[PDB]
Amino acid sequence: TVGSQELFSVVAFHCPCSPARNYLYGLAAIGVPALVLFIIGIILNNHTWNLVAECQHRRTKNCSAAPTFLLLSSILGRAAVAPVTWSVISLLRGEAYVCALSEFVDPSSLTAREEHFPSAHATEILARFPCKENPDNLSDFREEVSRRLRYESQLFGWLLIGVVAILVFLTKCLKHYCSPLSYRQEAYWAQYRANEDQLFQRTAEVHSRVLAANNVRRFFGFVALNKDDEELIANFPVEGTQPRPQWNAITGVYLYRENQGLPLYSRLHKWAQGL
Amino acid sequence: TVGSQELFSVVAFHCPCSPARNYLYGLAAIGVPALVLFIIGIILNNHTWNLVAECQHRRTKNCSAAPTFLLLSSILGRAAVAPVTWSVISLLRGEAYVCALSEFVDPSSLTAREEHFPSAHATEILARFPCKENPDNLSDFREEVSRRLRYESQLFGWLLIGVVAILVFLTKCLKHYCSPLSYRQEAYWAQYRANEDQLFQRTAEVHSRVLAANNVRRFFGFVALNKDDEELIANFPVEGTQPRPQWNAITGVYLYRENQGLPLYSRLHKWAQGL
Amino acid sequence: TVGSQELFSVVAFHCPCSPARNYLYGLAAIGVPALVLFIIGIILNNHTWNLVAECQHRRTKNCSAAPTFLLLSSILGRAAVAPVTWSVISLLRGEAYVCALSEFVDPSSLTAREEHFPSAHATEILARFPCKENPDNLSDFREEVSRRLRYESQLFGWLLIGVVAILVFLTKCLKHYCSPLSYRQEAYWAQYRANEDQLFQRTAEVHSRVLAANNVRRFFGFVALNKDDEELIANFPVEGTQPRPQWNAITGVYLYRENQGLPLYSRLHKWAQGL
Amino acid sequence: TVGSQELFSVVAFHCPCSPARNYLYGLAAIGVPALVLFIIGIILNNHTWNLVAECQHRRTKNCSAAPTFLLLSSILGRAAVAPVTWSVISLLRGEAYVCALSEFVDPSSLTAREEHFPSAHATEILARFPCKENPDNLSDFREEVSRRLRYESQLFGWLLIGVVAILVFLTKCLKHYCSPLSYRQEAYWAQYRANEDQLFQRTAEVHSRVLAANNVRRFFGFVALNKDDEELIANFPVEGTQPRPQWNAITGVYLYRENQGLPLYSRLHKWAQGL
Amino acid sequence: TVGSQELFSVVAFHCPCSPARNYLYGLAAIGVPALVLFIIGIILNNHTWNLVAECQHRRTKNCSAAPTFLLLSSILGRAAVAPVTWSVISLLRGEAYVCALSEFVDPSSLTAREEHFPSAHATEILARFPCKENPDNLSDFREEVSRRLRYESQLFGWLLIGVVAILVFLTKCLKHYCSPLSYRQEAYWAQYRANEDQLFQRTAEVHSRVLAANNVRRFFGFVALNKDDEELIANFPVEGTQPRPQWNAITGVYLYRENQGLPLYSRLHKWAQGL
Amino acid sequence: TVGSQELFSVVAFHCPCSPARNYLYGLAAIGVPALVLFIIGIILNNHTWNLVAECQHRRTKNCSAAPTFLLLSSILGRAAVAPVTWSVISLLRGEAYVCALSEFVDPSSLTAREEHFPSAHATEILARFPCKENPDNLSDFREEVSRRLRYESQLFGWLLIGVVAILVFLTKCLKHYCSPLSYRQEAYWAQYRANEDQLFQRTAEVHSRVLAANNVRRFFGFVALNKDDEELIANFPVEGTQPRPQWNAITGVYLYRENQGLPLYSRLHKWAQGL
Amino acid sequence: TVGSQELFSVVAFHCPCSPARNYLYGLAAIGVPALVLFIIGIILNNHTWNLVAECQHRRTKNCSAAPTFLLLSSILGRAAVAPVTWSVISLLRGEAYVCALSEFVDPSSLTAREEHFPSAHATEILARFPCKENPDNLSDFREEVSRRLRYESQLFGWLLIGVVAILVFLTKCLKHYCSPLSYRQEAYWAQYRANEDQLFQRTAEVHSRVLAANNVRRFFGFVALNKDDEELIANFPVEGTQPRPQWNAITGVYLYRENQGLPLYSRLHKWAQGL
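Residues numbered from 1 in each chain as written, not as in the entry; some residues may be left out. Chains lettered and ligands numbered in written order. Part of a larger assembly, values for the part shown. Heavy atoms only, no water. Residues with missing side-chain atoms left out of burial classes, pairs and counts.

If you check the header, you'll see the entry was determined by cryo-EM and the resolution is listed as 3.5 Å.

As named in the PDB entry, chain A is Calcium homeostasis modulator protein 2, taken from Homo sapiens. Looking at the PDB record, one finds the entry titled "Cryo-EM structure of human CALHM2 gap junction". The UniProt entry for chain A carries this comment under Subunit: "Homo-undecamer. Two undecameric hemichannels can assemble in a head-to-head manner to form a gap junction." (UniProt positions renumbered as here; feature names shortened; annotations may be inferred.)

Engineer: Honestly, the overall build of chain A in this entry has me stumped. Any pointers?
Structural biologist: What chain A contains, in helices and strands, is 13 helices and 2 strands. Against the globule reference of 19 Å for 275 residues, chain A gives a C-alpha radius of gyration of 29 Å, more extended than a compact globule. When its C-alpha atoms are laid out on the principal axes, chain A stretches across 90 × 50 × 35 Å. Expressed as a percentage of contacts within chain A between residues at least 6 apart in sequence, the contacts between residues at least 24 apart total 65%. (Helix = DSSP H or I, 4+ residues; strand = E, 2+ residues; numbered from the N terminus. Rg over C-alpha atoms; globule rule 2.2 N^0.38 Å. Contact = heavy atoms within 4.5 Å.)

Engineer: Help me out: how do you make sense of the interface of chain B and chain A in this one?
Structural biologist: Across the boundary between the two partners, chain B contributes 54 residues, which contact 55 residues of chain A. Breaking the side of chain B that touches chain A down by element, the ones donating at least two residues are α2 (22-44), α3 (47-56), α10 (184-219) and α12 (244-248) of chain B. It is α10(B) that provides the largest number of residues to the side of chain B that touches chain A, a total of 16 residues. Its residues assigned to classes, the side of chain B that touches chain A shows 33 nonpolar, 13 polar and 8 charged. (Nonpolar A, V, L, I, M, F, W, Y, C, P; charged D, E, K, R; others polar.)

Engineer: Would you mind showing me how to read the state of the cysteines here?
Structural biologist: By definition, a disulfide is the covalent link that joins the sulfur atoms of two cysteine residues. Residue and element names in this part refer to chain B. Each disulfide pairs two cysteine sulfurs, and for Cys-15 the partner residue is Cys-99, the sulfurs being separated by 2.0 Å. For the disulfide bridge between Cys-15 and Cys-99, the dihedral angle about the S-S bond is near 85 degrees, and by the sign convention the bridge is right-handed. You can see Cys-15 sitting in the loop between α1 (2-8) and α2 and its partner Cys-99 sitting in helix α6 (residues 95-101), a full 84 residues away along the chain. Of note for chain A: the bonded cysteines, numbered N- to C-terminal, pair according to 1-3, 2-4. (Disulfide = S-S within 2.5 Å.)

Engineer: What is the right way to look at the packing of helix α2 (residues 22-44) of chain F against helix α4 (residues 66-79) of chain F in this model?
Structural biologist: For any two helices packed against each other, one specifies the crossing angle of their axes together with the interaxial distance. All names here are of chain F. Running from N to C, α2 and α4 cross one another at 120 degrees; their axes reach a closest spacing of 8 Å. With respect to their mutual orientation, α2 and α4 come out oblique. Considering the relative orientation of α2 and α4, their crossing is right-handed. Every residue of α4 that contacts α2 at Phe-38, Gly-41, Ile-42 and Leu-44 is listed here: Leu-76, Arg-78 and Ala-79. The class makeup of the residues in the contact of α2 with α4 is 5 nonpolar, 1 polar and 1 charged. (Axes fitted to C-alpha atoms, helices over the stretch in contact; angles between N-to-C directions. Parallel < 35°, antiparallel > 145°, perpendicular 65-115°, else oblique. Left-handed = near helix turned anticlockwise from the far one by under 90°.)

Engineer: Mind showing me how you'd approach the relation of the copies chain E and chain D here?
Structural biologist: Overlaying chain E on chain D yields an RMSD of 0.0 Å, the required transformation being a rotation through 33 degrees with an accompanying axial translation of 0.0 Å. When the interface residues of chain E are mapped onto chain D, a mere 13% of them are again interface residues, pointing to distinct binding faces. (Least-squares fit on C-alpha atoms.)

Engineer: Explain the UniProt feature "disulfide bond" in chain A here, please?
Structural biologist: All names here are of chain A. In this structure the UniProt-annotated cystine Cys-15-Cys-99 is intact, with an S-S distance of 2.0 Å. Only sulfur pairs under 2.5 Å apart are read as disulfides, and the UniProt pair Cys-17 and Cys-131, at 2.0 Å, is one of them here. Here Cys-131 lies in the loop between α8 (119-127) and α9 (139-177) and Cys-17 lies in the loop between α1 (2-8) and α2 (22-44), a separation of 114 residues in the sequence.

Engineer: Which parts of the structure should I look at to understand the interface of chain E and chain D?
Structural biologist: For interface size, the figure often reported is the accessible area lost on association. Each side of the interface is counted separately: chain E has 55 residues, and chain D has 53 residues. At the level of secondary structure, the elements contributing two or more residues to the side of chain E that touches chain D comprise α5 (81-93), α9 (139-177), α10 (184-219), α12 (244-248), β2 (262-263) and α13 (267-274) of chain E. When the residues that make up the side of chain E that touches chain D are grouped by side-chain class, the tally is 31 nonpolar, 15 polar and 9 charged.

Engineer: What is the right way to look at the arrangement of the chains in this model?
Structural biologist: Nowhere do chain A and chain E come into contact; their C-alpha atoms are at least 12 Å apart. Of all C-alpha pairs spanning chain D and chain G, none lies closer than 31 Å, and the two are not in contact.

Engineer: Honestly, the relation of the copies chain B and chain A in this entry has me stumped. Any pointers?
Structural biologist: Each copy of the sequence occupies a distinct position, and chain B is placed on chain A by a rotation of 33 degrees and an axial shift of 0.0 Å, giving an RMSD of 0.0 Å. The fraction of interface residues of chain B whose copies in chain A are also interface residues is only 13%, indicating that the copies meet through different surfaces.

Engineer: Looking at this structure, I do not really get unusual backbone geometry. What am I missing?
Structural biologist: When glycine is set aside, most residues are seen to have a negative phi, and most peptide bonds are trans. For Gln260(C), which is not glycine, the phi torsion reads 60 degrees and is therefore positive. In this structure, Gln260(C) sits in the loop between β1 (258-259) and β2 (262-263). You will see that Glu115(E), though not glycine, has its phi angle at about 60 degrees, which is positive. Within the secondary structure layout, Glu115(E) lies in the loop between α7 (108-113) and α8 (119-127).

Engineer: Would you mind showing me how to read the packing of aromatic side chains here?
Structural biologist: For any pair of aromatic rings, the description rests on two quantities: the centre-to-centre distance and the angle between the ring planes. When the centroid spacing of 6.1 Å and the interplanar angle of 65 degrees are considered together, the rings of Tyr23(B) and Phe104(B) count as edge-to-face. Here the residue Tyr23(B) occupies a position in helix α2, and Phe104(B) occupies one in the loop between α6 and α7 (108-113), the gap between them amounting to 81 residues. Consider the rings of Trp189(C) and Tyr265(C), whose centres lie 6.4 Å apart with planes at 65 degrees: the pair is edge-to-face. Pair noted here: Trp189(C) is in helix α10 (residues 184-219) and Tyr265(C) is in the loop between β2 and α13 (267-274), with a separation of 76 residues, a long-range link. In this structure an aromatic cluster arises from ring pairing among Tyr188(A), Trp189(A), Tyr192(A), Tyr256(A), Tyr265(A), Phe200(B), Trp247(B), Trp271(B), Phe219(C) and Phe220(C). (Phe/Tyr/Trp six-rings, centres within 6.5 Å; stacked < 30°, edge-to-face > 60°.)

Engineer: Would you explain the environment of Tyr25(C) in this entry?
Structural biologist: Looking at the secondary structure, you find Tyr25(C) in helix α2 (residues 22-44). In this structure the C-alpha to C-alpha distance between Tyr25(C) and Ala100(C), which are 75 residues apart in sequence, comes to 7.6 Å. Look past the residues within four positions of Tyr25(C) in its chain and what remains in contact with it is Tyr151(B), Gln154(B), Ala12(C), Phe13(C), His14(C), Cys15(C) and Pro16(C).

Engineer: Could you clarify how one ought to interpret the environment of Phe38(E) in this entry?
Structural biologist: All names here are of chain E. With respect to the secondary-structure elements, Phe-38 resides in helix α2 (residues 22-44). For the pair formed by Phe-38 and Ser-74, sequence separation is 36 residues and the distance between their alpha carbons is 14 Å. When residues no more than four places from it in sequence are discounted, the contact partners of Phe-38 are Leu-76, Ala-79, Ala-80 and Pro-83.

Engineer: What should I look at first to understand the packing of helix α5 (residues 81-93) of chain G against helix α9 (residues 139-177) of chain G in this one?
Structural biologist: Residue and element names in this part refer to chain G. The interhelical angle for the contact between α5 and α9, taken along N-to-C directions, is 155 degrees, at an axis separation of 7 Å. Overall, the two elements α5 and α9 adopt an arrangement that is roughly antiparallel. Crossing of α5 against α9: the hand is left-handed. Contacts from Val-84, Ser-87, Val-88, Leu-91 and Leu-92 in α5 reach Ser-153, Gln-154, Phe-156, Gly-157, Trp-158, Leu-160, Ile-161 and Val-164 in α9. For the contact of α5 with α9, the residue count by class is 9 nonpolar, 4 polar and no charged.

Engineer: Got a minute to help me understand the side chain of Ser102(E) in this structure?
Structural biologist: Residue and element names in this part refer to chain E. By the element assignment, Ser-102 lies in the loop between α6 (95-101) and α7. From its side chain, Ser-102 meets the backbone oxygen of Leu-126 in a polar contact 2.4 Å long. In contact with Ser-102, other than residues within four places in its own chain, are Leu-126, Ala-127, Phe-129, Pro-130 and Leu-149. (Polar contact = N/O pair within 3.5 Å; in protein donor to acceptor, adjacent residues only side chain to side chain.)

Here's what the structure looks like:
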C-alpha cells in the first residue's frame, strides 16, 4: 500500500504535451512494460529451456511443430498474462491512449472555436490538452475531446480483454480438440509430471548431497552432517553418477508415444520402460 | 474494501457525452464484462471439457442432444450466474442505460424549452445530459429525463432478474420433470459423482507418484521420500499403468444405462460392472 | 453494516417523478423483489421437488389434493415468509406507496391553491411531489398529502401483517384440526422425518463412497483413503446397489397409512415394513 | 521508512543550476552510485576470487576464454543488477537527466520569447530551469522543456530496461544454447555445487576446530569444549591436515571433463575420482 | 532516534561566518572526527597489538614488510571504514565544504553586483554566505554560489567513495593475487584462526580459573564454586602453568611456513608440530 | 528522559553577564564537575586502595615507580574518562566558553560601531552578550562574536578529544611496548586476575559466613540457616582463620616475578607457590 | 512524579520579600531540612546505638577516640549524604541564596539609577527583588543583580560539592592509611560483619520464637505452629537463654585485637575464641 504507492509513483504516467512525441511516449509506457513482463514470463518459465534444450543439440523438428506449439501454448499461458494485464490496466485508465492520440484529432471544430486556428498552432494545442493546458476558451472543448478519447481507450481495452478471452477459450478447445487422449488421462499426466518433477528435484538434491559427501570424505577424512544427512548417507549410498547420454535421454519434450500399447508419460518413463 | 475500491475505480463508468457513441460505450461496459465473466464461467467449469472430449473423438450425438442439454444446463448453472449478476448490478445502478439512451429521447419538450432547439443541437445536448452538462435553463429538464431513464433502467433490471428467476425455476422443474429417476436417487448420484471424482483425484495423485518413484528409482538407484511417501510405496505397488482405450472408456458424459436392471451411475461404474 | 449499506444503496428506491409511470415503478420494486424471494423460497425448499417427483411419473392425485395441500402449506411456510417480510418493510417505509399513488390524489384543493391548476399540470405536479419538487406555494400541501399517503401506506402494511398473522394462525388450526393423529405423534413424526433424512444423507454419502472406492480399486488396483475411509471400507462392504423401482418406492409424499394398525411414518418405513 | 527517508535525503539529488557543470553532476550521481554498486557486486561475489585464483598462479587460459566468460556471466548476473536498478530508478525519476541536458536545449524559441536573449544569457538561464528559477515570462516555457526532457529521460529509462531485458534473455539462451549438457543435468550440477560448497564449509569449520583443539590440548593440557565440541573431538580425530598442492588441486574453475565417460562435476570430484 | 537526535545536535555543524577561520573549522569537523574514528579503529582492533608485540621484543623485519603490510591491510579493513563513512557523510551533506570554501570564491560577479565591492568587504561577505546572511541584493547570488559549492562538495564525496571503492577492490585483488595459497585454503585458514582464537579464549578462562582455585584452596582450605566450576576442577587439574618463552613462541604474526610440506596455519600450530 | 531533563535543568548553565566574573563561573562549571567526576573515578576504582595499601605500610618504592605508573594508568583508564567526557560535552556546547571569553574580545569594532564606546562600558557590554542583551545596534555584532567564540570553543573541544585520543593510543602502545610479556599472556593474566578476584570474593563470603556460624553456634547453641547455608556448613568446616602477616602477604601490587622460570601471576599465586 | 510534585509544592521556596527577614528564611529552608536529614541519618544508622551502648555503661574511652572516630566516620558516611545532597540542590537552584543575600547588595548603582534612593527605601527595595517586584525603571537592574547572586549561589554550591568530594577522598585515604590491616582483610572483615549480623538476626528470631513457644506451651498445653515452626521446635530445643553479662560481652565497638596472633574480627568472635 504505502510502498506500493511509492513504487507506483515513479512508474506513473507523465504525458509530454508535445506533438508527434507524446504518442511515442504512450507507446513506450504501454508496450515496454508489457514487453519486459512478457520476456520475464518467458524467463520465469522453465519449460522454455526444456524446449531450447530439445531443439538445440537434437536439432529435431522431426515429430512436428505442433508439440512445440502446445508446449509454447503452455509457455504463453504461464507468461503472456503479464503483458495483457498491463495493457488493459493502462488502456482502461486511458492516460496512455489520450496522450497518444491527442495529437491526431480533427481540428475543424477547434479551428472554428479558436478564430481560424492554424495547424501549426492546432496540433501543438491539441498535444497540450492531456496536461489540461487548455484555456477557458477551450476548456469545455478539451473536456469533450478528453472524454471522447477516454471512450476510445476504454472501448479498446474492453475489446482487447474480450478478444483475449475468446482467444484463451479457443486455445483451450483446440488443446482438448487436438488432444491425443482423454481429459482424465490428461489430468493423470499433469499429476504425473508434477510428481516426477518434485520427486526428481528431491532425489537430485539428495543424490548430489551424497556424492558431495563422498568427495569431501575422500578429501578430509570425514564429513560434517546433521542427523538428517547422517540418515541420508546411511540410506542411499552411491557408487557412481549417471552418464551424460543417459542424462540427455531424459531431457526433451514430453512425449506421448505408447510402447506396446501401454503409455509412457515422460521421457524418464520412456527410458525406464525401455530397460 | 480499500483494494476493492481501488480496483472498482478503474472499472467504473465514464459516460462519453457524445451522440451515437455513448450507447456503444454503454453496450460495451455492460456486455463485454458480462461476456468475459460468461466465458470464464465456461472456462472454470470442468464438465465442459468432459462434453468436448465426449463429442470430439467419439463424434457421438447418438443418445440425443438432451443429455448434452442437461449437461449444458449444469454448465450454465455454474457459469451464467456471473454475467447476470453483472448485468443487473449495472442496470439497477442505471448509469450504463442512461448513457445508452440519453441520445434517443423525444426532444419536443426540449425544443419548446430551448427556443426551437434544432436536432443538430438537440441530439448533442441530449448526449451531454449524463455528464450533468445541462445549463440552468435545462437543469430541471435534465433531472426529469435522468429520473425517467433511471426508472427505465431499474425497471428493466428488475424485469430481467424476474425473468431469469422464472427461467431457473422452469429449468429446475424441467430437470425434475424430464428426470429418468427419483430425486433421492439423483441425490445419491450427485454424491456418487462427488465421491468418485474425489477418490479418483486422490488415487490419480497417488498412482502417478508411485509410478514416478519407480521411474526415478530406476534412474538414480533410490528415491527421496517423506514418511508418507514411504508408506505410499509400501502400500500400493504398481506393475503398469492403464492403456489409453481403457482410459477412453472412462471419460464421456455421465450415462445412466442400467445393466440388467441394476443401475450404473458413471462410466467408471459401467466399466467396472462390465468386467 | 458497511457492506449492508453498500448493497442496500443500489436496491434503494428512486421514485421517477412522472405521471402514470411512477406507480409502475412502485409496483415493480414492491412485487418483483417479493416475487424473486417467493420463487427462491420455492427453490430452496427441497420438498417441492418431492412433490413434483410424486406427481410427475406416478401422475397420482389418487389420495387427494389435500396431502398435496398440507405439503404445499409446509412449502409456503418455509418460503412465503420472504415476500411478506419484503412487502411490509416496503409498505411501512411507505416510499413505494407514495411513489405509487401520488398521481391519483383528488386535485381539487391543489387547483384551488394553485390558481385553477389544470389536470395536465395537476397530475404532473402531483407526480413530482415524491421528489419534494413542490414550490413554496405548495410545500405545505405536499407535506400534507405526503403524510396522508404515508398514513395510507403504513395502515396497509399493518393490515397486511395482521391478516397474514391471522392467516398463519388459521392454517395452524387447520393443520391441527384436520390432523389424522395427535400432536405428540406429529412431533414424533417430525423427529422421525428428521432422523430418517439425516441418516439417509449420511448413509448415502457412505454407500456412494464405498461404491466409488470399489470401482476405482477395480480400475487402478488400489484406492487412496484416509484412515476414516479405510474404516468405511472395513465396515460396510457392498456387493450391489439398489434398483430403480426400489428407489422409486422410497420417494413420494410422506404417507401415513397404517399397516395392520401399526403406523408407517414414511415411504421408506412403508417399504421396510412391507418386507 | 523513517530511517530509509533519513538516508535517502542525503543521497537525494540537488541540481547545481550552472551551465557546463550540472551535466557533470548528473553524470556523477547516476554513474558513481552505479559504479560502486557494480564493484561491490563484484566484491560480494565469491566466484570472482575463484576466477582470479584460477588465472593467477596457473596462468592458464588453456581451456578457453569461454568458461571464464560463462563464469563472468554468472558474476555479472549476481552483480550487475545493482547498477542497472539504480540507473533506471534515476532515469525514470528524470531528475539527473533534466539536470544533465537542461543546458543543451535549442534556445531559438527561448530567444524569441525573451526579446532576443543572447547565448551568454540563454545557456545560463537554461541551466537555471531545473531549480524552477524561470520567471513568469518563461515559467510555461520552463514547464514545456521540463516535460520534454522528462519525456526523454523516461523514454531512455524504458529503452534501457528493455534492452537489458533482451540482453538477459539472450545470455540465457546463449548459456542453454552453448551448453555442453542438458538442463536437468545443469540443475543437478547446480545442486551439486551447492551441496559441495555447504558440506565443505561445514567440514572445514569442523576440521579446523578439531585441529585447533589438538594444538591447544598440546599447549595447555586440555581444552574447553561444549558438549557439541566434545562430540566433535569424539567423532572426527585428525592426524594431519592436507598439503598445499592438494589444496591447489581443489580450487579453480568448475570443470566438466568426463573421466571415462562418467562425469566429474567439480574439481574436488575430479580429485576424488582421480584417486 | 530521540537520543540519536539529542546526540547529533551537539555534534552538528555551526559554520563560523568569518574569513580565513571557517575553513579551519570545516577541516576540524571533517578530519578530527574522522581521525578519532580512525584511531579507535586501530584501538578496537586486537591484531594491531599482535603486530606491535611481534615487532617490539623480536625487532624482526626479517621476513618482509609485506606480511606486516597484509596484516595492516586487515587492520585498516577493520578500522578505516569509520573515517571514510564520516568524510563522505559530511561531504555529501556539503555543509563542511561550503563553510570551508565560501571564503575562496572569485568575487568578480559579486563586485559587479555590489557596486564595486572591495576585497576587504568581499571576502568577509563571502564568509557570511553559509549563515544565509546575504541581503536581498545578493540572496540569489548567495543561492547560486551555495548551489555551486554544494555541487563541488557532493562531487568530491562521490569521487572519494568511488576511489575508495576501487581501492578496496584493488587491495582484494592484491591479496588474492599475492596470495601464497588458494582461496579455499585461505577460507580454511580464516576458520582455523577463528577456532583457535575462540578455543584459546575459552581454555584460557578455564585454565586461569582452575589455577586461581588451586591458589585459593591453598590459602583458605577450600573454594566457593558453582556446579559448573566444580565440574571444571573435576575435569582439568593443573600442576603448573606455561613458561614465558613458551608463551612468547605463541604470539607473533600468523606465519605460513610449511614444515616438511605439511602446512602450519598459526604459531601455536607451528609450536605443536615442532614438538 | 523526563527525570533526566529534571536533573539536567538544575545543572544547566546560567551565564552571569558580568565582567571578570563570568569566566570564573565558566571555569567552575567546566572544571568542578570534571573534578568531582575525576575524584569519584578514583574513588570507585578499587585498585587505588591496593596501591595505597602497597605503599603505606611497606613504604616500598623498591621495584620502581613504573609498576605504580602502569597501575595508575589502569586507574586513570577506568577513572579519567568521566572528566573528559564532561569537558568536551561542555566545550562543544560552547556555552561555558562563550561565557568565559566574552569579556576578552578586542572591542575596537565595537567601539567603532557604538560611537566611541569606552572600555568601562565596552567590557561590561561584552559581558552582557551571552545573555543576548545586545541592542538592535549591536545584535548582529553580538551574533558575529558569539559565532566566533562558538567556533573557538568547538575547535578547542575537537582538539582536546583528538589529543586525548592520541594520548590513549600512545599509552596503549607504551603498555604493549614496555610489556615484560606477550599479549596473549597478558590476556591470560587479565583472566587470571578476574578469576582470582571473583573466586576470592566468593570464598571470602563463604568462609566468613562459616566462621560467623561457628561463633553464633558457640553463643546460642545452634544457627538459623537456609538449605544452602546448611550445605555450606556441611562442606567447608573451619578450625581457624588466617593470620594478619599471611593476609599482608596477599595484598599489594600485582607482581610478575617468575619463580624458577615458571611465572607467578599474583601475590596469592606467589604465596601459594612459595609453599 | 504526580505525588512527588504534590509533596514538592509545599516544601517549595516562598521568599518573604522583606529586609533582615528573608535571609533568616533562607537559612531555615536550607539548614533545617539539612539538619533533620542529618539527624535522621544518625537515627536510621544502627551503629550509633552500638557506639552509645559502648560508651554508656562501660564508660570506656580506654582504647582511643580513634576507633570511635572511624566508627563515626562510617556513621557520617551513611548519614551526612542527606544534608549535603539537600544543601547543594538548594544552592545550585539558587533561590535560597538570592532570598538570603538580596538584602546585602551595594546599593550605589541602585541609588544612582533611582534618583538618590535612600537606604530606608534601598534595603527594602533590594529585599523585594526576589519577588520580581522591581518596576520597569529597575527591572534590568534586578535581572543583573539576580544573575550575579545566582552566580554566587551556584559557585558556592559547586565549591561545596568539590570540597566534600575532596573530603570524602581524604577520609578514605585516611581510613586506608591508618588501617591496622590490609584491604583484602578489611573486605573479609566487612563480609564477616555482614554474615554475623545476618546470621545473628536470623538466629535471634529463631531462638526467641522457640523460647516463646516453650513459654506458651507451658501456659496453654500446646502451641499453634505452621509446619516451618514445627520444624523449628523439632530442630533447635532450648533449655535456657543467655545471661546479661554474656550479652554485654557481645555488644560494643568492633574490636580487632588478635588473640595469640590469630585475629578476632568481632566481639562475638572474641567471646567464642575466649572459650
